[PDB]
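*Asks:* Would you mind keeping the following structure in view while I ask a few things?
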Amino acid sequence: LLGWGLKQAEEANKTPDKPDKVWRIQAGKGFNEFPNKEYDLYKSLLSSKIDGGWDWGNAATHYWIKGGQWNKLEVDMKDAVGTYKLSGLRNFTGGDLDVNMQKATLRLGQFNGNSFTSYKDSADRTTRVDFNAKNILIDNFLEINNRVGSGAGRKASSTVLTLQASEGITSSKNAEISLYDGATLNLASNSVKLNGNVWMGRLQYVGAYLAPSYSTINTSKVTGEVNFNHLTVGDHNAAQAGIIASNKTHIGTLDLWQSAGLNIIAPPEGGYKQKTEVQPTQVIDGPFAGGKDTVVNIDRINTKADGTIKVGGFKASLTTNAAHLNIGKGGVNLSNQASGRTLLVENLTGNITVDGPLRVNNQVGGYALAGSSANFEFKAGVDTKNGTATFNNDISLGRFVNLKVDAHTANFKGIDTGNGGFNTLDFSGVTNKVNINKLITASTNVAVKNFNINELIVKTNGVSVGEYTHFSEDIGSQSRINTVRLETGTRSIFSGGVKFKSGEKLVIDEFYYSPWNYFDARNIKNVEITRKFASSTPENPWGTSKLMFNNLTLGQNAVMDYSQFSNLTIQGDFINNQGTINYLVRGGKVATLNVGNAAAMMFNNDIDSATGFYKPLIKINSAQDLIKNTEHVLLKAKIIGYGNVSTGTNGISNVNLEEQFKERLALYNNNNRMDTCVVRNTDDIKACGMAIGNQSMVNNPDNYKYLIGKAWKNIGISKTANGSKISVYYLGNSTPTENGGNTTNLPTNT
């Protein structure tokens, strides 16, 4: 109920105790001349002033110092050379050891482990066990503040164990350090490398599943290389461990519980440092900011999860203060029971750099049912609000899993949610940018206020309906997608789809149609295209594609593929800039373009060297089966405001705008134009006669000499350019005369 930050702050500043009978033992002659002897330490030295016994209640064994557990023992070697071992000091209640062994190697295990416990008297004492060796070499298990026997009798209060080598504190493979509800562990060597199962937080009593169970491993003094190997927080309770680290903390496999915490606290930037009765000042610290060169290199975060079912999840979490919370190649695992387990990888004043696959139940997909919402969560830079959450791995979300990221700039590489569905991909906490590289969605609840997704795959959901991609908040202005690529849906029904909710503009560069997947573009006023606007099946479109817009704009050079098989619905001001929309007929019919409100158009002298004419502003291709003597609805309209960037074409003039609309349109056939035939030499005359179907231009190039730098329009092809309708009247493929009319010059604006 207090939390770890208060409990550690009230154990960090305590006067040790008030012991009567401070026993003192000094190792004299004999010890300091055999540098390899492998002594024992209890039986050869310490057994003089440490007497065992049997406790009635929780009855296994019992150890204290001498005449009760309130007597300090201090041992002063300072020159004893050798290698000492404890090997079996179990259930030491005791109180205030002190073993000063410079130039001596310790060993806290040989065929048996150790324990350091206290009792809960009315005085609330700690045990402050110290060692001051040169190497320590744990080499078997060590419990700190364990249970003595079984529950009854006297309970266990807090303790402190301090290990203070000057060359290194290694450990075995099977040396399980396991500290409980009240225990701490101060380390002060250089290059701690605990190669065993460090177990912070454990069931102290046999059934107390509602214990707070704090702990601490204060490795602040370690001037070398802190290196855990297998850390394991929590066991069948809500443990809140904490590590006060030393700005470089490589660990290995981390195993949280369902409802377990972790507080890896890096140091700050400059490093550390009757009658009334005035209690001493209790300095207490809130969550500060770690220094610049503070790293926490975790390389695997599993989560053990079994037990009951609660109305919420349990939200395992780890909270860091470091400036870089790297996570290595093992990534993130998350076991999931019936209710939805949750992981909170927080970082208060830093960054997050995950380089691993977000697994669930140790597979990359990780299916989960409806009640089991496995919720990943990240918080990069909460208190400073300028922390990025870089992911350098292609993530993959299965079914009913919910990634959320609350950072300043959430970079990515690729998201795969097309597999399972029901994926709340929240980004509402993100300050500005979400620079995703590739996105795959089936039924997603994307909530981004500003993004840059330079590739978008939208997949359908088979045959089910009501499930779709949903950008369910305000997209704003600065958004951008450099490629959209819908894929083909199912037969005769719009199963999957895209819809928006708000925003004003989003620069799409490239787009693809698809049969039976709908690109709803609600409430956004400047849906812009800038290059190729095609379909997924350019050789055989079929079905429909509900491009249910409200407005769009089309920029330079953006070729479209407008067909009868995609009901491109506009309710807004379609602005076409210097960009060439292409048509196809699919059986002699011309697909009209149903403008709801207005289609203004504005261009330039878009001349190229491919024809010598302007670039074809509207292309009508495959018009061989185009039915002669029939009205072809090219586009529905309400206001066609045609224009250019100047008033008159070819420089400046006062020619009306709608007449050169008939010039720059095209009717493209047989790799040429049947609309006009703009001529600069004699070689194009052959293909010109092949296009218009006359041998008077095929066999004889000098049949017509009105075409040296000139052009001619095919009469019998009529086009309307008034302000409410634009249509095509293909009524004649006539042979032009030489010097009678229907002749124009070159534009010549290169």
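Going by the structure tokens order, chains are called A, B, ..., each with residues numbered from 1, while ligands are numbered from 1 in the order shown.
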Per DSSP on the backbone, filter stretch 314-443 of chain A down to the residues in strand (DSSP E) and report them as a ChimeraX atom specification.

*Replies:* /A:316-320,324-327,343-347,351-354,378-380,389-391,415-416,439-441

*Asks:* Can you tell me, as a list in words, what residues are no more than 7 Å from residue A:299 when counting only C-alpha atoms, ignoring any on the same chain fewer than 3 positions away?

*Replies:*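 With the cut-off at 7 Å, the set is residues 251, 252, 253, 327, 328, 329, 330 and 331 of chain A.
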
*Asks:* Name all residues at most 10 Å from stretch 612-622 of chain A (count only C-alpha atoms; drop same-chain ones fewer than 5 positions away) and give them as a ChimeraX atom specification.

*Replies:* /A:557,559-562,576-588,590,603-607,634,661-680,709-711,745-750

*Asks:* Take the residues from that selection and put them in a file with N, CA and C atoms, as a compact mmCIF listing (two decimals), in the first residue's frame.

*Replies:*
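This went into selection.txt:
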# COMPACT_ATOMS: atom_id res chain seq x y z
N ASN A 557 1.29 15.35 -62.79
CA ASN A 557 1.75 14.12 -63.45
C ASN A 557 1.06 12.85 -62.94
N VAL A 559 -1.02 10.10 -63.01
CA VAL A 559 -1.84 9.35 -63.95
C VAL A 559 -2.87 8.54 -63.17
N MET A 560 -4.11 8.56 -63.63
CA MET A 560 -5.13 7.70 -63.06
C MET A 560 -5.46 6.57 -64.01
N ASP A 561 -6.23 5.60 -63.51
CA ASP A 561 -6.83 4.55 -64.33
C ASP A 561 -8.31 4.51 -63.97
N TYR A 562 -9.09 5.37 -64.60
CA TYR A 562 -10.50 5.51 -64.26
C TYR A 562 -11.33 4.58 -65.11
N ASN A 576 -7.69 19.41 -60.45
CA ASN A 576 -6.65 18.74 -61.22
C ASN A 576 -5.65 19.80 -61.66
N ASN A 577 -4.41 19.65 -61.21
CA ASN A 577 -3.30 20.48 -61.66
C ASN A 577 -2.68 19.79 -62.88
N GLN A 578 -1.42 20.08 -63.24
CA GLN A 578 -0.82 19.59 -64.48
C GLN A 578 -0.62 18.07 -64.42
N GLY A 579 -1.73 17.34 -64.51
CA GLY A 579 -1.73 15.91 -64.33
C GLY A 579 -2.71 15.22 -65.27
N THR A 580 -2.30 14.08 -65.82
CA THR A 580 -2.96 13.49 -66.98
C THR A 580 -3.79 12.29 -66.54
N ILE A 581 -5.11 12.47 -66.47
CA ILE A 581 -6.01 11.37 -66.12
C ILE A 581 -6.19 10.49 -67.35
N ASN A 582 -6.04 9.18 -67.18
CA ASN A 582 -6.22 8.25 -68.28
C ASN A 582 -7.52 7.46 -68.11
N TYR A 583 -8.14 7.13 -69.24
CA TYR A 583 -9.40 6.41 -69.30
C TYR A 583 -9.20 5.05 -69.95
N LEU A 584 -10.21 4.20 -69.78
CA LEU A 584 -10.36 2.96 -70.54
C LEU A 584 -11.85 2.68 -70.63
N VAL A 585 -12.25 2.01 -71.70
CA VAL A 585 -13.67 1.96 -72.05
C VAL A 585 -14.34 0.66 -71.63
N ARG A 586 -13.65 -0.47 -71.81
CA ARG A 586 -14.14 -1.82 -71.50
C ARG A 586 -15.47 -2.12 -72.19
N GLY A 587 -15.49 -1.90 -73.50
CA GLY A 587 -16.65 -2.18 -74.31
C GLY A 587 -17.42 -1.00 -74.84
N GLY A 588 -16.74 0.07 -75.27
CA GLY A 588 -17.39 1.17 -75.95
C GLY A 588 -18.09 2.18 -75.08
N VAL A 590 -17.97 4.99 -71.91
CA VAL A 590 -17.03 5.87 -71.23
C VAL A 590 -17.56 6.13 -69.83
N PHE A 603 -4.06 24.52 -65.40
CA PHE A 603 -2.98 23.81 -66.06
C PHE A 603 -1.90 24.80 -66.48
N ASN A 604 -1.03 24.34 -67.38
CA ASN A 604 0.07 25.13 -67.93
C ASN A 604 0.33 24.62 -69.34
N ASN A 605 1.24 25.29 -70.04
CA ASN A 605 1.72 24.84 -71.34
C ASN A 605 2.61 23.62 -71.15
N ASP A 606 1.96 22.48 -70.96
CA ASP A 606 2.62 21.22 -70.59
C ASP A 606 3.11 20.51 -71.85
N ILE A 607 4.03 21.16 -72.54
CA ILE A 607 4.57 20.65 -73.79
C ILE A 607 5.68 19.65 -73.49
N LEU A 634 -18.35 11.75 -70.41
CA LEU A 634 -16.96 11.71 -69.95
C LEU A 634 -16.87 12.03 -68.46
N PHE A 661 -9.31 23.22 -74.06
CA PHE A 661 -9.70 21.97 -73.43
C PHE A 661 -9.92 20.89 -74.48
N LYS A 662 -10.52 21.24 -75.62
CA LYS A 662 -10.65 20.28 -76.71
C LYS A 662 -9.31 19.98 -77.37
N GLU A 663 -8.33 20.87 -77.23
CA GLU A 663 -7.01 20.62 -77.79
C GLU A 663 -6.23 19.59 -76.99
N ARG A 664 -6.11 19.80 -75.68
CA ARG A 664 -5.25 18.96 -74.85
C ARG A 664 -5.87 17.63 -74.48
N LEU A 665 -7.15 17.41 -74.76
CA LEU A 665 -7.70 16.08 -74.62
C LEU A 665 -7.21 15.16 -75.73
N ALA A 666 -7.36 13.86 -75.50
CA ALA A 666 -6.77 12.87 -76.38
C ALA A 666 -7.70 11.67 -76.48
N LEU A 667 -7.63 11.00 -77.63
CA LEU A 667 -8.32 9.73 -77.84
C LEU A 667 -7.26 8.78 -78.38
N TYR A 668 -6.68 7.98 -77.49
CA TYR A 668 -5.43 7.29 -77.74
C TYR A 668 -5.70 5.89 -78.28
N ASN A 669 -5.15 5.59 -79.46
CA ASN A 669 -5.35 4.30 -80.10
C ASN A 669 -4.16 3.93 -80.96
N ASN A 670 -3.78 2.64 -80.87
CA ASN A 670 -2.76 2.01 -81.71
C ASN A 670 -1.41 2.71 -81.57
N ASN A 671 -1.04 2.99 -80.32
CA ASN A 671 0.16 3.74 -79.93
C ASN A 671 0.21 5.13 -80.57
N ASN A 672 -0.96 5.74 -80.78
CA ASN A 672 -1.05 7.05 -81.40
C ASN A 672 -2.38 7.66 -80.97
N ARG A 673 -2.69 8.84 -81.49
CA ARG A 673 -3.92 9.54 -81.15
C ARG A 673 -4.84 9.62 -82.35
N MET A 674 -6.09 9.20 -82.15
CA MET A 674 -7.13 9.40 -83.15
C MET A 674 -7.78 10.77 -83.04
N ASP A 675 -7.59 11.45 -81.91
CA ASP A 675 -8.18 12.77 -81.70
C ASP A 675 -7.51 13.80 -82.60
N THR A 676 -6.20 13.97 -82.46
CA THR A 676 -5.42 14.79 -83.37
C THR A 676 -4.16 14.05 -83.77
N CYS A 677 -3.39 14.67 -84.66
CA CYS A 677 -2.15 14.08 -85.16
C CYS A 677 -1.18 15.23 -85.39
N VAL A 678 -0.36 15.51 -84.39
CA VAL A 678 0.54 16.65 -84.41
C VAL A 678 1.86 16.19 -85.00
N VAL A 679 2.31 16.88 -86.05
CA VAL A 679 3.28 16.34 -86.99
C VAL A 679 4.52 17.23 -87.01
N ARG A 680 5.70 16.61 -86.90
CA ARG A 680 6.95 17.33 -87.08
C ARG A 680 7.86 16.73 -88.15
N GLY A 709 5.94 21.33 -89.25
CA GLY A 709 5.75 22.16 -88.07
C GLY A 709 4.32 22.55 -87.82
N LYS A 710 3.36 21.75 -88.28
CA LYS A 710 1.95 22.04 -88.08
C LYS A 710 1.23 20.83 -87.49
N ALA A 711 -0.10 20.92 -87.39
CA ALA A 711 -0.91 19.85 -86.85
C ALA A 711 -2.30 19.92 -87.47
N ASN A 745 -0.84 24.94 -85.68
CA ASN A 745 0.62 24.97 -85.67
C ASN A 745 1.14 24.13 -84.50
N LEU A 746 2.44 24.20 -84.25
CA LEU A 746 3.02 23.60 -83.06
C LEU A 746 2.86 24.55 -81.87
N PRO A 747 2.80 24.01 -80.65
CA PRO A 747 2.83 24.89 -79.47
C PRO A 747 4.15 25.62 -79.30
N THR A 748 5.27 24.89 -79.34
CA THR A 748 6.64 25.41 -79.31
C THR A 748 6.89 26.25 -78.04
N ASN A 749 6.88 25.56 -76.90
CA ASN A 749 7.14 26.21 -75.63
C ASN A 749 8.19 25.46 -74.82
N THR A 750 9.19 24.90 -75.50
CA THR A 750 10.26 24.19 -74.82
C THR A 750 11.50 25.07 -74.68

*Asks:* So, counting only C-alpha atoms, which residue among A:712, A:445, A:47, A:339 is closest to residue A:744?

*Replies:*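 Answer, going by the shortest atom-to-atom distance: A:712.
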
*Asks:* In Å, how far is it from atom CA of residue A:61 to atom CA of residue A:88?

*Replies:*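 So the two atoms, atom CA of residue A:61 and atom CA of residue A:88, lie 11.3 Å apart.
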
*Asks:* What is the distance, in Å and to one decimal place, between atom CA of residue A:552 and atom CA of residue A:535?

*Replies:*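 So the answer is 17.9 Å.
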
*Asks:* Which residues come within 9 Å of stretch 64-68 of chain A, counting only C-alpha atoms, excluding same-chain residues fewer than 2 positions away, as a compact mmCIF listing (two decimals) with N, CA and C atoms, in the first residue's frame?

*Replies:*
# COMPACT_ATOMS: atom_id res chain seq x y z
N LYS A 21 26.61 -5.43 24.65
CA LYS A 21 27.55 -6.54 24.45
C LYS A 21 28.01 -6.63 22.99
N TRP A 23 30.47 -7.91 21.07
CA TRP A 23 31.57 -8.86 21.14
C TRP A 23 32.61 -8.50 20.11
N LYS A 49 31.58 -17.27 19.21
CA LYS A 49 30.57 -16.32 19.65
C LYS A 49 29.34 -16.35 18.76
N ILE A 50 28.99 -17.52 18.23
CA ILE A 50 27.73 -17.75 17.53
C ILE A 50 27.24 -19.12 17.96
N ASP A 51 26.11 -19.18 18.64
CA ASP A 51 25.61 -20.44 19.17
C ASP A 51 24.26 -20.79 18.58
N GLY A 52 24.15 -21.99 18.04
CA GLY A 52 22.93 -22.44 17.42
C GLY A 52 21.88 -22.87 18.42
N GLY A 53 20.84 -23.51 17.91
CA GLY A 53 19.78 -24.00 18.77
C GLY A 53 18.55 -24.53 18.05
N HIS A 62 18.07 -22.60 14.38
CA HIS A 62 18.06 -21.32 15.06
C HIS A 62 19.51 -20.90 15.26
N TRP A 70 20.23 -9.58 20.17
CA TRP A 70 20.46 -8.14 20.22
C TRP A 70 21.90 -7.81 20.56
N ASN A 71 22.83 -8.67 20.17
CA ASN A 71 24.24 -8.52 20.50
C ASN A 71 25.05 -8.45 19.22
N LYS A 72 25.81 -7.37 19.06
CA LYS A 72 26.64 -7.24 17.88
C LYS A 72 27.91 -8.06 18.02
N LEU A 73 28.24 -8.79 16.96
CA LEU A 73 29.54 -9.44 16.84
C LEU A 73 30.32 -8.72 15.77
N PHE A 92 20.10 -17.92 10.26
CA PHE A 92 20.81 -17.02 11.15
C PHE A 92 19.93 -15.83 11.50
N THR A 93 19.37 -15.81 12.70
CA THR A 93 18.63 -14.63 13.13
C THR A 93 19.59 -13.54 13.59
N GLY A 94 20.35 -13.81 14.63
CA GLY A 94 21.58 -13.09 14.92
C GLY A 94 21.51 -11.62 15.24
N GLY A 95 21.99 -10.81 14.32
CA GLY A 95 22.03 -9.40 14.58
C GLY A 95 23.43 -8.85 14.54
N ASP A 96 23.69 -8.09 13.48
CA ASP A 96 24.84 -7.20 13.36
C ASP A 96 26.17 -7.96 13.38
N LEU A 97 26.37 -8.81 12.39
CA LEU A 97 27.72 -9.30 12.14
C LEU A 97 28.57 -8.21 11.52

*Asks:* Using only C-alpha atoms, determine which residues lie at most 9 Å from residue A:542, disregarding the query and same-chain residues fewer than 5 positions distant; provide the list as number ranges by chain.

*Replies:* A: 514-516, 537, 564-566

*Asks:* Rank A:159, A:384, A:102, A:714 by their smallest atom-to-atom distance to residue A:16, using only C-alpha atoms, and report the top residue only.

*Replies:*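 Selected residue with least distance to residue A:16: A:159.
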